[PDB]
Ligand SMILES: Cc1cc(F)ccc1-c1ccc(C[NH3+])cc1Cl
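The chain below stands alone and is given in structure tokens; this is the form deposited without the named molecule.
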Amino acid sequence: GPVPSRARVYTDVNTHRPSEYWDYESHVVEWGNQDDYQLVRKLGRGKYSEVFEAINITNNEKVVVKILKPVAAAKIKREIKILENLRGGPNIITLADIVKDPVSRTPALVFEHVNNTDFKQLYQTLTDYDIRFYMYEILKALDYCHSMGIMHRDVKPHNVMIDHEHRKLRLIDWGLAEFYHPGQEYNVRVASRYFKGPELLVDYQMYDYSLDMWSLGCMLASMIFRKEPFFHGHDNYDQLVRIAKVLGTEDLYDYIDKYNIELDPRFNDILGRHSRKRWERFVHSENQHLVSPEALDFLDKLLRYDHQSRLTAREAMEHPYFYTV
């Protein structure tokens, strides 16, 4: 069957640490006072939760309350443990408290407040310098969680909270985050469609932190080319076809051959034959000021089929693209 794969960085961070750090199931949750928080307005609902803008009435400070919908016991424990392990880390959303919601009866996570400006209005405004700056801020969060044995698995614009006025950035929603264990097979049903790495799209289960780097490359390509999303698939199968019309089919077949992966036969009548496109093909008069040889070289090293051949978050911070910043 498929050839096994290992991360080329932070491979053994979890195996050396004690069981308490990564075994979230055995984690004991130290509850806080639900009454300390007063719900002001609903900010959004999600697939697994409802997010509220709130006020901690002890210190009169704005907070964010994330009330978890009844989904699974294990997922909830995992999110708490990952947030507690990454608390204080560069650009990681700070878990201020864990209270039990009186209505829902499920736990409600309390976070610090970040004055985010809508990505739809923010992506249409970023300068070349800002893309670089914010990309470097995301990279700090990605290298920190990866160094700590954690892969986010849901990197997208909506999971990046930007206080553009204070030039603050937070990587949020660690609900899909998982502990990396070498050789462990994971669920390919992670991340949002447009940011799904080819490993997810081909059903390759032995993936790692490099999955976050492909997702970051998708975000980069959307920002520098002013094309939202960059790879616009109608479904999970058309998603792979979208990647293939840019990266080519030969490198896709080379990748599936390397890991001895069997592609779903449904791809035979839709995948076609595609040559790899040169990046300057997506450059035009409305995005050219955001594009540079450094931007294209950096993007080219993120958007690789082979999860093993992608830049790691630390190498990505070393890129000439970040010299200006």
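Numbering starts at 1 and runs along the sequence shown.
Form solved in complex with the named molecule: not shown, discussed below.
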Since only the chain is shown here, I'm wondering whether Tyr134 would be in contact with the named molecule in the deposited complex (any heavy atom pair within 4.5 Å).
yes
With the partner left out of view, is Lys69 within 4.5 angstroms of the named molecule in the deposited complex by any non-hydrogen atom?
yes
Is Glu84 one of the residues lying within 4.5 Å of the named molecule in the deposited complex, judged by heavy atom distances?
no
Using a 4.5 angstroms cut-off on non-hydrogen atoms, would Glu30 count as touching the named molecule in the deposited complex?
no
Please pick, from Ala141, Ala96, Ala191, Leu126, the one residue with any non-hydrogen atom lying within 4.5 angstroms of the named molecule in the deposited complex.
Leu126
Every residue in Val9, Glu20 and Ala313 with a non-hydrogen atom within 4.5 Å of the named molecule in the deposited complex?
no
The named molecule in the deposited complex - contacting residues of 211-227, heavy atom within 4.5 Å:
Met219, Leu220, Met223
